[PDB]
Amino acid sequence: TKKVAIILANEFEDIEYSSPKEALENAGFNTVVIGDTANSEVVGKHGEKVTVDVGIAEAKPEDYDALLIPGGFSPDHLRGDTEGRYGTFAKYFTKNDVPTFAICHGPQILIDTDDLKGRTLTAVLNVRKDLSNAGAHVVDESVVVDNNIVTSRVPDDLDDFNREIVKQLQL
Amino acid sequence: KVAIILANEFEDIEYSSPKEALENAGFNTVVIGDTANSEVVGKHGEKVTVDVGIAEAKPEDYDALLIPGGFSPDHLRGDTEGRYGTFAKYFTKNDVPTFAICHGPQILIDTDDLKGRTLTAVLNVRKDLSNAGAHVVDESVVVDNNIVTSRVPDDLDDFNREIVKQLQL
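### A word on the overall build of chain B
For step 1, the next point in the chain: Scanning chain B from terminus to terminus reveals 6 helices and 11 strands.
For step 2, the next point in the chain: The C-alpha radius of gyration of chain B comes to 14 Å, within 12% of the 15 Å expected for a compact globule of 169 residues.
For step 3, the next point in the chain: If you line up chain B on its principal axes, its C-alpha atoms span 40 × 35 × 30 Å.
For step 4, the next point in the chain: Put simply, chain B has 169 residues, and 59% of those count as buried.
For step 5, the next point in the chain: In chain B, of all internal contacts separated by at least 6 residues, the share reaching a separation of at least 24 is 63%.
For step 6, the next point in the chain: Between the centroid of the 16 positive side chains of chain B and the centroid of its 30 negative side chains there is a distance of 4 Å.

### Some thoughts on the side chain of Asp12 of chain B
All names here are of chain B.
For step 1, the next point in the chain: Within the element layout of this structure, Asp12 appears in helix α1 (residues 12-24).
For step 2, the next point in the chain: Of the side chains with opposite charge, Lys43 comes closest to the buried, unpaired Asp12, at an N-O distance of 8.1 Å.
For step 3, the next point in the chain: Within the structure, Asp12 has its side chain in polar contact with the backbone nitrogen of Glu46 (distance 2.9 Å).
For step 4, the next point in the chain: Here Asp12 is in contact with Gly42, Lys43, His44, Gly45 and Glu46, once residues within four sequence places are set aside.

### Some points on the packing of aromatic side chains
For step 1, the next point in the chain: Per the counting criterion, the structure on display carries 9 aromatic pairs over all chains.
For step 2, the next point in the chain: Pairing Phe12 of chain A with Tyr17 of chain A gives two aromatic rings, centres 5.8 Å apart and planes at 65°, and the pair type is edge-to-face. Per residue, the accessibility class of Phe12 of chain A equals that of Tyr17 of chain A, and both read buried.
For step 3, the next point in the chain: For the ring pair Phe73 of chain A and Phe71 of chain B, a centre distance of 3.8 Å and an interplane angle of 5° mean the geometry is stacked. With one member in each of two chains, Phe73 of chain A in the loop between β6 (66-69) and α2 (74-78) and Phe71 of chain B in the loop between β6 (64-67) and α2 (72-76) form a pair that bridges those chains. The two residues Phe73 of chain A and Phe71 of chain B agree in class, both being buried.
For step 4, the next point in the chain: Joined through ring pairs, the aromatic side chains of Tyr64, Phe89, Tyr92 and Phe93 of chain A make up one cluster.
For step 5, the next point in the chain: Between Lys45 of chain A and the ring centre of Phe73 of chain A, over which it is positioned, the NZ or CZ distance is 3.5 Å.

Calculation notes
Residues numbered from 1 in each chain as written, not as in the entry; some residues may be left out. Chains lettered and ligands numbered in written order. Heavy atoms only, no water. Helix = DSSP H or I, 4+ residues; strand = E, 2+ residues; numbered from the N terminus. Rg over C-alpha atoms; globule rule 2.2 N^0.38 Å. Buried < 20%, exposed > 50% of the residue type's maximum accessible area, 1.4 Å probe, protein only. Contact = heavy atoms within 4.5 Å. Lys, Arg positive; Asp, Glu negative; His and termini not counted. Charge placed at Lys NZ, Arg CZ, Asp CG, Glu CD. Salt bridge = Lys/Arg side-chain N within 4 Å of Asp/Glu carboxyl O. Polar contact = N/O pair within 3.5 Å; in protein donor to acceptor, adjacent residues only side chain to side chain. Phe/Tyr/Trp six-rings, centres within 6.5 Å; stacked < 30°, edge-to-face > 60°. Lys NZ or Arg CZ within 6 Å of the ring centre and 35° of its normal.

Dropping the structure here:
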């Protein structure tokens, strides 16, 4: 059975957690929330409460078949980790070509892998310049697939995003 | 007169504290935002009235630019037209005092004028500043000619000292 790590801090955009989670689960995959502390609670921009399953210190990235990075201000919070642990975690996925799904601000964490040069991604407008400065080829499309990396921009893109992330796990 | 570019979810004290330091030193501030006479609200609930809409604002009107942090700079970088980056370019291009704290330096990324400049910021945005070509350091306040930057609210005494000193020169 295949399972997806979702990295999550406070002030995630609620629907960018719940909608991809539901799409993945509907296709028969399971999801695990990775955050600062196991059994702590993180709260979305619009109040959705999510319990963290596994702490970032304990998580083994090789256990997971894909990584999902919801947007909102959750990725900016994750990037405040003093030891940079979420960028390091994400680096397993980009280095080993494991399916990697990020929507809106989500691709901010991918900058911290240093693995973006020459990769093709989209994101929310707010972060596109930072992605381009990280070396990516940045485009403006509802969903972009570059081998293992699937990116989208905004919550309106979720239907396209959810279709592609599920396909990529079927491989 | 100092332009303050401001959206919702600014870090409250990074607006009020430099504003008061400037006003104490006898300088005036003008909040520039999406629409004149709207309110933007800080992370901790502070309400600030927007003086001038970004459509009408003329950067040459101003003696400095102040960019408070929190998630205000990220909101400003969402402007469909990129108008706040364009506003900021005037200050970087013409070497006009430019003050940014915490996440505030994110807006300076959009000027494309950070190559070889020396800045600090909150940890969360340092990689992006480095990727923009800045020399990023970890200090309570950094002065690089016209650009003054700090990291977090605790730095405010130092930040305020240096931004006031710029305007006095």
